[PDB]
Peer 1: 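Here's a structure for you.
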Amino acid sequence: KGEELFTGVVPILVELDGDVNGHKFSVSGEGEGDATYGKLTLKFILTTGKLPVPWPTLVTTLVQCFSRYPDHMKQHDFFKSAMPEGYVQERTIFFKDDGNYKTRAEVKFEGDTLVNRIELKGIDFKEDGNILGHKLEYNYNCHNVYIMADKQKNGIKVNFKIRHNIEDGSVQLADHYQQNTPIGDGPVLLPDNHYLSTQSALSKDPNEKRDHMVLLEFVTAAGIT
């Protein structure tokens with residue numbers, strides 16, 4: 001069973017290749033996950049290109065197998081059930097009054113390392129909008145992530161709204177539509193409706209001179225008694 005792979009601290013590797021309105025960039029991330037506590041600690045580094053979008057817009061794209069599932073909800077944990085062969089995670093993210101991201105990622109083990117490999121494509125962004133104009137605060141709010149089974153597709157459908165804080169005190173909405181599908185042909189857990197309570201804190205490494213993001217996250221599954 002996939003959940004056995006998560007009982008301890010697991011090293012994480014993240015690789016993202018991005019293209020937003022033709023602005024090409026790559027990001028790498030390293031850290032570790034402790035699903036028993038719902039805890040993620042990651043540092044992301046810009047590796048190539050000028051970062052054309054605010055770091056907060058990339059948090060959801062940059063490993064929901066690290067969520068803490070209560071014992072009474074263990075039969076609802078699709079994400080760990082797909083391991084080690086992994087799952088494909090696809091999203092469309094609609095930035096209100098702006099462009100969209102489309103993402104496709106594969107999340108799987110490579111030995112002891114949990115790897116998230118992502119392609120991100122952004123189109124129809126406004127030159128002087130909040131995204132390409134870099135008008136978003138470097139912070140992050142708590143959100144609920146809503147999960148339902150997609151039995152006909154042997155996976156899950158996920159939806160949620162991210163509210164990014166604009167520097168003028170307003171809000172940039174980012175509406176997320178997400179699908180996850182197993183990579184392997186073995187059984188997975190198809191859940192009853194529930195959500196993930198997702199806390200994220202963004203910070204900087206004072207000794208890091210590359211453009212980067214340090215992220216601390218706590219995620220707990222809920223909504224079934």
Side-chain angles (χ1 to χ4, degrees), residues 12-34 37-64 66-67 89 91-103 105 116 118-127 129-145 160-176 178 196-220:
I12 303 170
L13 184 68
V14 183
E15 306 288 348
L16 182 146
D17 284 345
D19 174 339
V20 176
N21 280 41
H23 301 270
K24 298 177 187 282
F25 64 100
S26 296
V27 169
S28 293
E30 299 184 13
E32 68 190 17
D34 196 359
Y37 308 98
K39 183 175 194 171
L40 282 174
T41 46
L42 292 161
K43 179 177 171 186
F44 301 94
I45 306 170
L46 180 62
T47 62
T48 189
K50 186 174 189 300
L51 188 63
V53 299
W55 279 112
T57 73
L58 300 177
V59 162
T60 54
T61 298
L62 289 166
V63 285
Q64 290 180 307
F66 290 105
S67 300
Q89 179 160 297
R91 297 213 179 90
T92 307
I93 306 166
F94 293 95
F95 293 88
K96 182 177 172 62
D97 294 304
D98 211 337
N100 72 86
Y101 299 164
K102 289 182 172 282
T103 66
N116 182 18
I118 313 139
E119 293 189 32
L120 175 150
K121 183 69 161 289
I123 64 168
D124 295 336
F125 289 87
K126 291 177 187 175
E127 288 303 319
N130 296 320
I131 289 73
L132 292 180
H134 293 276
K135 308 185 191 185
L136 298 185
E137 297 184 344
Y138 187 76
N139 57 29
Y140 219 92
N141 301 314
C142 185
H143 294 95
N144 293 336
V145 169
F160 56 99
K161 291 172 172 285
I162 302 293
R163 291 184 177 83
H164 299 295
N165 282 1
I166 309 168
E167 55 195 13
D168 65 1
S170 192
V171 309
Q172 174 64 63
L173 182 68
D175 281 289
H176 289 59
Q178 168 181 343
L196 309 177
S197 183
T198 309
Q199 303 170 252
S200 309
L202 309 190
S203 58
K204 296 294 187 182
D205 176 356
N207 298 310
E208 179 58 64
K209 301 304 182 265
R210 294 169 292 182
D211 196 5
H212 75 284
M213 172 172 67
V214 175
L215 178 64
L216 170 60
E217 288 206 331
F218 296 91
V219 185
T220 312

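One is the number of the first residue; the rest follow in order along the sequence.
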Peer 1: Closer than 3.5 angstrom, by distance alone: can the side chain of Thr48 be matched with the main-chain N or O of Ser26 as a donor-acceptor pair?
Peer 2: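 No, because the side chain of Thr48 does not come within donor-acceptor range (under 3.5 Å) of the backbone of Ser26.
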
Peer 1: Report the C-alpha separation of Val14 and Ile118 in whole Å, then their side-chain angles, then the decisive distance to 0.1 Å, and conclude whether the side-chain contact (heavy atoms from CB on, under 4.5 Å) test is met.
Peer 2: CA-CA 8 Å; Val14 183; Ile118 313 139; 3.7 Å; yes

Peer 1: How many angstroms lie between OG1 in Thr103 and NZ in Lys121, if you round to the nearest 0.5 Å?
Peer 2: 12.5 Å

Peer 1: Just verifying a value: how many Å separate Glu217 CD and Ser200 OG, rounded to the nearest 0.5 Å?
Peer 2: 3.5 Å

Peer 1: May I ask you to decide if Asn100's main-chain N or O and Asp124's side chain share a donor-acceptor pair within less than 3.5 Å?
Peer 2: no

Peer 1: Taking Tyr138 for the side chain and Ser203 for the main chain, is one N or O donor matched with an acceptor at less than 3.5 Å?
Peer 2: yes

Peer 1: Roughly how far, to the nearest 0.5 Å, is the OG1 atom of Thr57 from the CG atom of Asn130?
Peer 2: 11.0 Å

Peer 1: Give me each pair satisfying salt bridge (charged side-chain N to carboxylate O under 4.0 Å, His left out) with a member in residues 198-208, each pair once, sequence neighbours excluded.
Peer 2: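 Salt bridge (charged side-chain N to carboxylate O under 4.0 Å, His left out) check on residues 198-208 returns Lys43-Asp205, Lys43-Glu208, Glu208-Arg210.
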
Peer 1: Donor-acceptor check, side chain of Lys209 to backbone of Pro206, threshold 3.5 angstrom: yes or no?
Peer 2: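 Looks like yes, one N/O pair under 3.5 Å.
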
Peer 1: Side chains of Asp211 and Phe25: closer than 4.5 Å at any heavy-atom pair?
Peer 2: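 No. Closest side-chain heavy atoms not under 4.5 Å.
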
Peer 1: Just list the side-chain donor-acceptor pairs under 3.5 Å for residues 160-167, sequence neighbours left out, or say none.
Peer 2:
from   : atom 1 : to     : atom 2 : distance (Å)
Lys161 : NZ     : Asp175 : OD1    : 2.8
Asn165 : OD1    : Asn141 : ND2    : 3.4

Peer 1: Got a second to check how far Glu119's CD is from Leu16's CG, nearest 0.5 Å?
Peer 2: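 Between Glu119 CD and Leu16 CG, I get 9.0 Å after rounding to 0.5 Å.
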
Peer 1: To the nearest 0.5 angstrom, please state how far the NZ atom of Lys102 sits from the CG atom of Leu120.
Peer 2: 11.5 Å

Peer 1: So, are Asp19 and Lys24 salt-bridged, with charged N and O less than 4.0 Å apart?
Peer 2: yes

Peer 1: Among all residues two or more places apart in sequence or in another chain, which pass the ring-ring contact (aromatic ring centres under 6.0 Å, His included) test with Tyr101?
Peer 2: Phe95, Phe125

Peer 1: For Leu216 and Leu40: C-alpha separation, side-chain torsions, deciding distance, then whether side-chain contact (heavy atoms from CB on, under 4.5 Å) applies.
Peer 2: CA-CA 6 Å; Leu216 170 60; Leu40 282 174; over 6 Å; no

Peer 1: Using modelled atom types and a 3.5 Å cut-off, is there a donor and acceptor pairing between side-chain atoms of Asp98 and backbone atoms of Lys126?
Peer 2: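 At least one qualifying donor-acceptor pair exists.
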
